[PDB]
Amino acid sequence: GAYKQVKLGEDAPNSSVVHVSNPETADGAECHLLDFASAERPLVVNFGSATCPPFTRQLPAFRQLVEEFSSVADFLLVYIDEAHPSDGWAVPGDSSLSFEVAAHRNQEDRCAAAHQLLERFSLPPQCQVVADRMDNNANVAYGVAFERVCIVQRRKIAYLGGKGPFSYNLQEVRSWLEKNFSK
């Protein structure tokens, strides 16, 4: 109504997004989040942007999850609005892991930033990538505060990272996957 609040167990919002080609569908094609979900296979959805350090710091660990589990689970990176958009002048005095991105003007800018991200962090095609639409519908529906992971299973939210200081933890996602595939 006036605000959204998603929780564990609820139906996963079928947000509108745009494909970002990640070759080994047409680049920029419109699609929906649940287009990437299949049978009882978990879909691990990782929301963030290049200027969000908690997100980029764990992108290598995300890549490893994709490598270890893509035969049994699907992976989707949803590129949202920049956490810390650049103004182009100030020089990060520390060498930083990720790269600067200015505030997106349009969908093309957001898709371009996702293309930059995929190259910088060596994400493989099995890590499917989309960009949120410019109305930020996926960001708002999934309650993302700069970065979040949601695992969708059987059309419902099976895992939803919390709001604590260290709630964004891809090794907790690893644990979920280990449990799901264990006897």
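The first residue of the sequence shown is number 1, and the count goes up from there.
In the deposited entry, the stretch joining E24 to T25 is interrupted by 4 to 9 residues of the deposited sequence lacking coordinates. Between the stretches 49-57 and 63-71, it is 63-71 that shows the larger average CA temperature factor. The PDB entry reports B-factors from which the mean C-alpha value can be compared for 169-177 and 8-16; the larger average falls on 8-16.
Ranking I151, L117, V144, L34 by Cα temperature factor from the entry places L34 first. Across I157, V44, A29, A131, the entry's maximum B-factor at the CA atom is seen for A29.
When the CA B factors of the chain's modelled residues are split into thirds, the value for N136 lands in the lowest one. Ranked against the other modelled residues of its chain, the C-alpha B-factor of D81 as given in the entry falls in the lowest third. For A112, the recorded CA temperature factor ranks within the lowest third of the chain's modelled residues. Residue-level temperature factors show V91 in the highest third of its chain, judged at the C-alpha atom.
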